[PDB]
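These notes are about the structure you will find just below.
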Amino acid sequence: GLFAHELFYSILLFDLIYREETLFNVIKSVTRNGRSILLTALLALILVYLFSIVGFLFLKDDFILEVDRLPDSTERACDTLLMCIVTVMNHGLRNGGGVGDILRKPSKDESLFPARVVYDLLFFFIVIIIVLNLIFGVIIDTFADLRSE
Amino acid sequence: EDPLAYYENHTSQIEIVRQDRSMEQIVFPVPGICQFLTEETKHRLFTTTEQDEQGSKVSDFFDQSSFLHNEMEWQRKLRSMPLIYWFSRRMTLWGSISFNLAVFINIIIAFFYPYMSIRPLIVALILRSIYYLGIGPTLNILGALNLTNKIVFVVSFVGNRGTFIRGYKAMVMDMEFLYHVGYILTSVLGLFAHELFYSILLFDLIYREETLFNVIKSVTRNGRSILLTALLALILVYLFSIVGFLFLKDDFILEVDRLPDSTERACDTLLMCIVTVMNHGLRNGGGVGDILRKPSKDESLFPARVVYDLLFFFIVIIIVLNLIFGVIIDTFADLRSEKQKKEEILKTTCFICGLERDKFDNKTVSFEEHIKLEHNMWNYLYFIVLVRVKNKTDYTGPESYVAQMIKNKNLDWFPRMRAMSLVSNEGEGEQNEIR
Amino acid sequence: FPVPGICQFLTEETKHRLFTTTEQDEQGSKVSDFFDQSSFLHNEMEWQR
Ligand SMILES: Nc1ncnc2c1ncn2[C@@H]1O[C@H](COP(=O)(O)OP(=O)(O)OP(=O)(O)O)[C@@H](O)[C@H]1O
Ligand SMILES: [Zn+2]
């Protein structure tokens, strides 16, 4: 920080954790069972992979994302399986509704509308409602275990 | 080399209670067959037996004694066979190889599809194969290797576990064997039907890691409660959709991106309105109000819309969706408490008699010595095996009594809440003083 | 017994750390950890002097 660049001093802020015991305990609430959290994240990734496979096999067209290109306004994000997996894992996980929010809105006249509805409901109930809540439940359980100990 | 050492190794001691409720010590020779019991089965029996209603673990061990003897016989027979024994001894290696192959295959398909420690070394070899032969041939080779490793692993598993000893019906009953068969079928499908099927093998991670299995149990333990809560949410959504269709049909206007009007009414029919609510309102944080057309204060029904939106947000979204999470947290807490209680009982009590460790403090015989020598359960298993194998004409007094109790399906011969070292010395001293 | 002079050099922070850090063994006694740390405590007394 003194020589290389002034920004490096920001790292020293982490020393707060060392100084305060309460913050250290709060962090231990996560670090104590970090393996469980990582395994839950891997399970979420596997579920996202399966959902992306299903979408690429059947729902390739609906994966249209608007792009603000620097100086077409939409792009297909399911041409390749890897790109579809990335799009799902990013948008669906970062969106409260799920992957359905980014997907093109279907019309009741469309023959595949019930399939889209079922897919969106399954993704919301499985990937978002449970696993993301499972991580929080693990954190709460770790808190309780630490307090009891 | 040392006669005393050999005699000590092959001699066991147990404690029994006669019909007169008097403790007695029996010293017997260890049957040779008992030497064939594997350590994995011993650990499984120790860490799996569950306390009965009375709180004693004796009944489960007595029930499993026969299966333990059969497993000893099977292990001796297997040891008679060198190659099959060697294959069985390395089941974990085969499982690890299969898991790594499946993970690498899944990574390759995910990264490249559509197309057309030693682990770093395997990764380098796989990368070289991909660069040289291409994605297709490398995936085919990896799938063939995975299939071969899986058949070897299944053979080793059936050999080591000896589930066939119980019976073919028993082997079919076992869930692990069926899971392995399904894994083999999925691997075959991936090799032949389509490369995507290999993704299913990723689920094997749950089987490999115990922490992930416990996390999933956090949901599976009370899945019925979660499903009933979801059904209650569906009923509430149905009632809200009925109300909306009866009164708020117009506000249900949804924009649609038709493939090559920009808005459509989604409440013309009750079923369509129910679907629209159950999808958008549940998937939207705000609730059903977010999709509904924005009302204007000038409109006469604006207060009704405000009340409807607030009720939907406070009832359907705030509570029920939070009720599911609360159920999950409660299940987590219950599982943690159960595990803690089981661990404490296992590490602070005697398996055979249930006496607490604190009872043995400040005494000649410590709890560690008591469990190790005086009240070892493996000694009881060996004695049961000896009684079964030994000829009736050669039965001694205590052996005859134990055989009669076993035949009569009785279990009082096991000592319960009684240790000779604990109280016999003090009782003898008191009796001497009284005399 | 008489208290050795070296023992007077033990610092209070180390005493508090030992009291609040020792963990019960399998038998449930804290004696073993204190016995193990006795040598380090003596060395710390020498260093403090
Ligand atoms: N009745 C019992 N109550 C509690 N723990 C028990 C009981 N019987 C056995 N154990 C424990 O189960 C394990 C079995 O002990 P065991 O005597 O088989 O040990 P080992 O070292 O494998 O044997 P050895 O060295 O005598 O060949 C040990 O952890 C022992 O403490
Ligand atoms: Zn005992």
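By convention here, the chains of the structure tokens are called A, B, ... in the order presented, each chain's residues are numbered starting at 1, and ligands are numbered starting at 1 in the order presented.
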**Asked** Could you write out as a ChimeraX atom specification the residues of chain B within 7 Å of chain A, counting only C-alpha atoms?
**Response** /B:110-111,113-114,199,202,211-212,256-258,279,283-285,325,328-329,332-333
Keeping only N, CA and C atoms, take the residues you just selected and write them out as a short mmCIF file (atom, residue, chain, number, x, y, z; two decimals), in the first residue's frame.
data_model
loop_
_atom_site.label_atom_id
_atom_site.label_comp_id
_atom_site.auth_asym_id
_atom_site.auth_seq_id
_atom_site.Cartn_x
_atom_site.Cartn_y
_atom_site.Cartn_z
N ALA B 110 -20.50 -30.98 -20.67
CA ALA B 110 -21.00 -29.64 -20.37
C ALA B 110 -20.19 -28.58 -21.09
N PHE B 111 -18.86 -28.74 -21.13
CA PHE B 111 -18.01 -27.72 -21.73
C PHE B 111 -18.12 -27.72 -23.26
N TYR B 113 -20.31 -29.90 -25.41
CA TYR B 113 -21.55 -30.23 -26.10
C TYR B 113 -22.28 -28.95 -26.49
N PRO B 114 -22.77 -28.83 -27.73
CA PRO B 114 -22.68 -29.79 -28.84
C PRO B 114 -21.30 -29.78 -29.49
N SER B 199 -25.16 -37.09 -17.36
CA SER B 199 -25.47 -36.10 -16.33
C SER B 199 -26.14 -36.74 -15.12
N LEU B 202 -24.20 -37.68 -12.04
CA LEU B 202 -23.81 -36.67 -11.06
C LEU B 202 -24.53 -36.87 -9.73
N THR B 211 -22.36 -35.45 4.26
CA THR B 211 -22.88 -34.13 4.61
C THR B 211 -24.03 -33.73 3.70
N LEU B 212 -23.87 -33.95 2.39
CA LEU B 212 -24.95 -33.64 1.46
C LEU B 212 -26.17 -34.51 1.73
N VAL B 256 -47.23 -10.38 -23.65
CA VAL B 256 -46.75 -11.62 -24.26
C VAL B 256 -45.83 -11.27 -25.42
N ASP B 257 -44.68 -11.95 -25.49
CA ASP B 257 -43.73 -11.77 -26.59
C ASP B 257 -43.99 -12.87 -27.61
N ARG B 258 -44.97 -12.62 -28.48
CA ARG B 258 -45.37 -13.62 -29.46
C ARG B 258 -44.26 -13.86 -30.47
N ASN B 279 -48.57 -19.16 -10.91
CA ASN B 279 -47.25 -18.98 -11.49
C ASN B 279 -46.64 -17.63 -11.12
N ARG B 283 -44.04 -16.81 -8.06
CA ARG B 283 -42.68 -16.56 -8.54
C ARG B 283 -42.25 -15.11 -8.38
N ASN B 284 -43.17 -14.20 -8.08
CA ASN B 284 -42.84 -12.79 -7.89
C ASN B 284 -42.81 -12.47 -6.40
N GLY B 285 -41.79 -11.72 -5.99
CA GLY B 285 -41.66 -11.38 -4.58
C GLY B 285 -42.82 -10.54 -4.07
N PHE B 325 -39.93 -22.77 5.02
CA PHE B 325 -38.57 -22.59 5.50
C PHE B 325 -38.47 -22.86 7.00
N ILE B 328 -38.33 -26.53 7.45
CA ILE B 328 -37.00 -27.04 7.13
C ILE B 328 -36.04 -26.78 8.29
N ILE B 329 -36.09 -25.58 8.87
CA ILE B 329 -35.20 -25.26 9.99
C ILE B 329 -35.50 -26.14 11.19
N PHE B 332 -33.99 -29.45 10.61
CA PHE B 332 -32.55 -29.37 10.86
C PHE B 332 -32.26 -29.49 12.35
N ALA B 333 -32.98 -28.72 13.17
CA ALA B 333 -32.75 -28.74 14.61
C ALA B 333 -33.04 -30.11 15.19
#
If we count only C-alpha atoms and set the cut-off at 8 Å, which residues sit around stretch 420-423 of chain B, ignoring sequence neighbours fewer than 3 positions away in its own chain? Please answer as number ranges by chain.
B: 23, 359-360, 363-365, 426-427
Store the residues picked out above in a file with C-alpha atoms, as a PDB file, in the first residue's frame.
ATOM      1  CA  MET B  23     -23.661 -62.688  38.435  1.00  0.00           C
ATOM      2  CA  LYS B 359     -20.689 -44.988  37.927  1.00  0.00           C
ATOM      3  CA  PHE B 360     -17.156 -46.380  37.504  1.00  0.00           C
ATOM      4  CA  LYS B 363     -13.125 -47.471  41.472  1.00  0.00           C
ATOM      5  CA  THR B 364     -10.603 -50.228  40.841  1.00  0.00           C
ATOM      6  CA  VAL B 365     -11.995 -51.055  37.378  1.00  0.00           C
ATOM      7  CA  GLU B 426     -18.348 -53.760  48.209  1.00  0.00           C
ATOM      8  CA  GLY B 427     -21.061 -56.372  48.699  1.00  0.00           C
TER       9      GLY B 427
END
Proximity of chain B to ligand 2: per-residue shortest pair, 10 Å limit, only C-alpha atoms and all ligand atoms, as CSV:
residue,atom,partner,partner_atom_place_in_ligand_line,distance
B:15,CA,ligand 2,1 (Zn),9.1
B:349,CA,ligand 2,1 (Zn),8.2
B:350,CA,ligand 2,1 (Zn),4.8
B:351,CA,ligand 2,1 (Zn),6.7
B:352,CA,ligand 2,1 (Zn),5.4
B:353,CA,ligand 2,1 (Zn),4.5
B:354,CA,ligand 2,1 (Zn),6.4
B:355,CA,ligand 2,1 (Zn),6.0
B:356,CA,ligand 2,1 (Zn),8.7
B:357,CA,ligand 2,1 (Zn),9.4
B:367,CA,ligand 2,1 (Zn),8.3
B:369,CA,ligand 2,1 (Zn),10.0
B:370,CA,ligand 2,1 (Zn),6.3
B:371,CA,ligand 2,1 (Zn),6.1
B:372,CA,ligand 2,1 (Zn),9.5
B:373,CA,ligand 2,1 (Zn),9.6
B:374,CA,ligand 2,1 (Zn),7.1
B:375,CA,ligand 2,1 (Zn),4.7
B:376,CA,ligand 2,1 (Zn),7.7
B:377,CA,ligand 2,1 (Zn),9.1
B:415,CA,ligand 2,1 (Zn),7.7
B:416,CA,ligand 2,1 (Zn),8.0
B:417,CA,ligand 2,1 (Zn),7.4
B:418,CA,ligand 2,1 (Zn),7.1
B:419,CA,ligand 2,1 (Zn),5.8
B:420,CA,ligand 2,1 (Zn),8.9
B:421,CA,ligand 2,1 (Zn),9.5
B:422,CA,ligand 2,1 (Zn),9.4
Output the selection as a PDB file, in the first residue's frame - N, CA and C atoms for each residue.
ATOM      1  N   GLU B  15     -19.762 -62.121  31.193  1.00  0.00           N
ATOM      2  CA  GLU B  15     -20.504 -62.117  32.447  1.00  0.00           C
ATOM      3  C   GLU B  15     -21.969 -62.404  32.154  1.00  0.00           C
ATOM      4  N   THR B 349     -21.980 -44.652  27.605  1.00  0.00           N
ATOM      5  CA  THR B 349     -22.742 -45.744  28.196  1.00  0.00           C
ATOM      6  C   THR B 349     -22.142 -47.072  27.760  1.00  0.00           C
ATOM      7  N   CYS B 350     -22.475 -48.118  28.512  1.00  0.00           N
ATOM      8  CA  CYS B 350     -22.049 -49.474  28.195  1.00  0.00           C
ATOM      9  C   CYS B 350     -23.079 -50.130  27.286  1.00  0.00           C
ATOM     10  N   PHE B 351     -22.612 -50.674  26.163  1.00  0.00           N
ATOM     11  CA  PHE B 351     -23.520 -51.258  25.182  1.00  0.00           C
ATOM     12  C   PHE B 351     -24.305 -52.419  25.783  1.00  0.00           C
ATOM     13  N   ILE B 352     -23.623 -53.301  26.517  1.00  0.00           N
ATOM     14  CA  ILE B 352     -24.266 -54.518  27.002  1.00  0.00           C
ATOM     15  C   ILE B 352     -25.231 -54.204  28.139  1.00  0.00           C
ATOM     16  N   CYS B 353     -24.788 -53.412  29.118  1.00  0.00           N
ATOM     17  CA  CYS B 353     -25.565 -53.177  30.327  1.00  0.00           C
ATOM     18  C   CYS B 353     -26.145 -51.773  30.430  1.00  0.00           C
ATOM     19  N   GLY B 354     -25.590 -50.796  29.717  1.00  0.00           N
ATOM     20  CA  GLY B 354     -26.098 -49.443  29.764  1.00  0.00           C
ATOM     21  C   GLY B 354     -25.632 -48.620  30.945  1.00  0.00           C
ATOM     22  N   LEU B 355     -24.730 -49.144  31.771  1.00  0.00           N
ATOM     23  CA  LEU B 355     -24.242 -48.389  32.915  1.00  0.00           C
ATOM     24  C   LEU B 355     -23.471 -47.160  32.452  1.00  0.00           C
ATOM     25  N   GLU B 356     -23.682 -46.046  33.145  1.00  0.00           N
ATOM     26  CA  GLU B 356     -22.997 -44.810  32.801  1.00  0.00           C
ATOM     27  C   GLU B 356     -21.535 -44.868  33.233  1.00  0.00           C
ATOM     28  N   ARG B 357     -20.697 -44.104  32.531  1.00  0.00           N
ATOM     29  CA  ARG B 357     -19.275 -44.080  32.859  1.00  0.00           C
ATOM     30  C   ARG B 357     -19.041 -43.518  34.255  1.00  0.00           C
ATOM     31  N   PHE B 367     -13.988 -47.462  33.443  1.00  0.00           N
ATOM     32  CA  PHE B 367     -14.975 -47.718  32.401  1.00  0.00           C
ATOM     33  C   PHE B 367     -14.316 -48.267  31.142  1.00  0.00           C
ATOM     34  N   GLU B 369     -11.575 -50.094  30.928  1.00  0.00           N
ATOM     35  CA  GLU B 369     -11.288 -51.501  31.180  1.00  0.00           C
ATOM     36  C   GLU B 369     -12.571 -52.323  31.203  1.00  0.00           C
ATOM     37  N   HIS B 370     -13.639 -51.771  31.781  1.00  0.00           N
ATOM     38  CA  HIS B 370     -14.904 -52.493  31.847  1.00  0.00           C
ATOM     39  C   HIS B 370     -15.407 -52.846  30.454  1.00  0.00           C
ATOM     40  N   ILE B 371     -15.441 -51.864  29.551  1.00  0.00           N
ATOM     41  CA  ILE B 371     -15.938 -52.124  28.203  1.00  0.00           C
ATOM     42  C   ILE B 371     -14.956 -52.991  27.424  1.00  0.00           C
ATOM     43  N   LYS B 372     -13.654 -52.747  27.590  1.00  0.00           N
ATOM     44  CA  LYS B 372     -12.661 -53.458  26.792  1.00  0.00           C
ATOM     45  C   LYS B 372     -12.654 -54.949  27.105  1.00  0.00           C
ATOM     46  N   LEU B 373     -12.697 -55.312  28.387  1.00  0.00           N
ATOM     47  CA  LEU B 373     -12.507 -56.694  28.812  1.00  0.00           C
ATOM     48  C   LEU B 373     -13.759 -57.292  29.440  1.00  0.00           C
ATOM     49  N   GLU B 374     -14.312 -56.649  30.469  1.00  0.00           N
ATOM     50  CA  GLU B 374     -15.352 -57.289  31.268  1.00  0.00           C
ATOM     51  C   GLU B 374     -16.642 -57.469  30.474  1.00  0.00           C
ATOM     52  N   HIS B 375     -17.102 -56.414  29.806  1.00  0.00           N
ATOM     53  CA  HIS B 375     -18.408 -56.399  29.155  1.00  0.00           C
ATOM     54  C   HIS B 375     -18.275 -56.145  27.659  1.00  0.00           C
ATOM     55  N   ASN B 376     -17.324 -56.817  27.014  1.00  0.00           N
ATOM     56  CA  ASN B 376     -17.180 -56.691  25.572  1.00  0.00           C
ATOM     57  C   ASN B 376     -18.287 -57.466  24.868  1.00  0.00           C
ATOM     58  N   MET B 377     -18.972 -56.799  23.936  1.00  0.00           N
ATOM     59  CA  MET B 377     -20.085 -57.436  23.233  1.00  0.00           C
ATOM     60  C   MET B 377     -19.604 -58.457  22.210  1.00  0.00           C
ATOM     61  N   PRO B 415     -26.508 -59.276  31.162  1.00  0.00           N
ATOM     62  CA  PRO B 415     -26.571 -58.414  32.351  1.00  0.00           C
ATOM     63  C   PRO B 415     -27.107 -57.035  31.990  1.00  0.00           C
ATOM     64  N   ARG B 416     -28.069 -56.558  32.777  1.00  0.00           N
ATOM     65  CA  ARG B 416     -28.704 -55.264  32.557  1.00  0.00           C
ATOM     66  C   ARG B 416     -28.488 -54.408  33.796  1.00  0.00           C
ATOM     67  N   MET B 417     -27.818 -53.269  33.619  1.00  0.00           N
ATOM     68  CA  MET B 417     -27.576 -52.320  34.704  1.00  0.00           C
ATOM     69  C   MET B 417     -26.895 -52.990  35.894  1.00  0.00           C
ATOM     70  N   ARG B 418     -26.001 -53.939  35.625  1.00  0.00           N
ATOM     71  CA  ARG B 418     -25.286 -54.651  36.675  1.00  0.00           C
ATOM     72  C   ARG B 418     -23.885 -54.981  36.189  1.00  0.00           C
ATOM     73  N   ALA B 419     -22.882 -54.579  36.967  1.00  0.00           N
ATOM     74  CA  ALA B 419     -21.488 -54.891  36.688  1.00  0.00           C
ATOM     75  C   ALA B 419     -20.865 -55.479  37.943  1.00  0.00           C
ATOM     76  N   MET B 420     -20.194 -56.622  37.797  1.00  0.00           N
ATOM     77  CA  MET B 420     -19.620 -57.290  38.959  1.00  0.00           C
ATOM     78  C   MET B 420     -18.558 -56.421  39.621  1.00  0.00           C
ATOM     79  N   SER B 421     -17.677 -55.815  38.824  1.00  0.00           N
ATOM     80  CA  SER B 421     -16.631 -54.979  39.405  1.00  0.00           C
ATOM     81  C   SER B 421     -17.213 -53.773  40.129  1.00  0.00           C
ATOM     82  N   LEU B 422     -18.417 -53.344  39.747  1.00  0.00           N
ATOM     83  CA  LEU B 422     -18.985 -52.125  40.314  1.00  0.00           C
ATOM     84  C   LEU B 422     -19.401 -52.322  41.768  1.00  0.00           C
TER      85      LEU B 422
END
**Prompt:** DSSP says helix (DSSP H, G or I) for which residues of stretch 99-131 of chain A? Put them as number ranges by chain?
**Reply:** A: 99-101, 113-131
- [ ] Return as a PyMOL selection string the residues belonging to chain C that are within 10 Å of chain B, counting only C-alpha atoms.
- [x] chain C and resi 26-28
May I have the selected residues written with N, CA, C and O atoms, as a PDB file, in the first residue's frame?
ATOM      1  N   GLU C  26     -11.334 -37.425  26.537  1.00  0.00           N
ATOM      2  CA  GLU C  26     -12.415 -38.396  26.395  1.00  0.00           C
ATOM      3  C   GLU C  26     -13.005 -38.760  27.751  1.00  0.00           C
ATOM      4  O   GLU C  26     -14.228 -38.880  27.891  1.00  0.00           O
ATOM      5  N   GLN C  27     -12.154 -38.941  28.763  1.00  0.00           N
ATOM      6  CA  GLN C  27     -12.640 -39.254  30.101  1.00  0.00           C
ATOM      7  C   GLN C  27     -13.369 -38.079  30.740  1.00  0.00           C
ATOM      8  O   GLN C  27     -14.086 -38.276  31.726  1.00  0.00           O
ATOM      9  N   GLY C  28     -13.204 -36.873  30.206  1.00  0.00           N
ATOM     10  CA  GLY C  28     -13.840 -35.696  30.757  1.00  0.00           C
ATOM     11  C   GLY C  28     -13.000 -34.897  31.725  1.00  0.00           C
ATOM     12  O   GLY C  28     -13.543 -34.022  32.408  1.00  0.00           O
TER      13      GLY C  28
END
I'd like the contact shell of residue C:18 - 10 Å cut-off, only C-alpha atoms, skipping same-chain residues fewer than 6 positions apart - returned as a list in words.
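The contact residues come out as residues 12, 33, 34, 37 and 41 of chain C.
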Hey, can you spit out that residue selection with C-alpha atoms as a PDB file, in the first residue's frame?
ATOM      1  CA  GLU C  12      -1.678 -13.345  33.920  1.00  0.00           C
ATOM      2  CA  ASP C  33      -3.780 -30.693  28.865  1.00  0.00           C
ATOM      3  CA  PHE C  34      -2.504 -28.803  31.915  1.00  0.00           C
ATOM      4  CA  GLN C  37       1.353 -27.352  29.023  1.00  0.00           C
ATOM      5  CA  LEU C  41       4.568 -22.634  31.165  1.00  0.00           C
TER       6      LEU C  41
END
I want to know what sits within 12 Å of residue C:5, based on only C-alpha atoms, with residues of the same chain fewer than 5 positions away left out; could you give that as a PDB file with N, CA and C atoms, in the first residue's frame?
ATOM      1  N   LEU C  10       5.275 -16.108  35.869  1.00  0.00           N
ATOM      2  CA  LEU C  10       4.177 -16.420  34.963  1.00  0.00           C
ATOM      3  C   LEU C  10       3.254 -15.216  34.821  1.00  0.00           C
ATOM      4  N   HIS C  42       6.663 -23.360  32.190  1.00  0.00           N
ATOM      5  CA  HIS C  42       7.971 -23.136  32.802  1.00  0.00           C
ATOM      6  C   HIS C  42       8.899 -22.382  31.855  1.00  0.00           C
ATOM      7  N   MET C  45       7.905 -18.833  31.841  1.00  0.00           N
ATOM      8  CA  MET C  45       8.384 -18.154  33.042  1.00  0.00           C
ATOM      9  C   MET C  45       9.846 -17.753  32.886  1.00  0.00           C
ATOM     10  N   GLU C  46      10.669 -18.668  32.370  1.00  0.00           N
ATOM     11  CA  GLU C  46      12.077 -18.346  32.150  1.00  0.00           C
ATOM     12  C   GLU C  46      12.223 -17.187  31.170  1.00  0.00           C
ATOM     13  N   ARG C  49      11.276 -13.905  32.832  1.00  0.00           N
ATOM     14  CA  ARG C  49      12.349 -13.411  33.689  1.00  0.00           C
ATOM     15  C   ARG C  49      13.444 -12.758  32.855  1.00  0.00           C
TER      16      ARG C  49
END
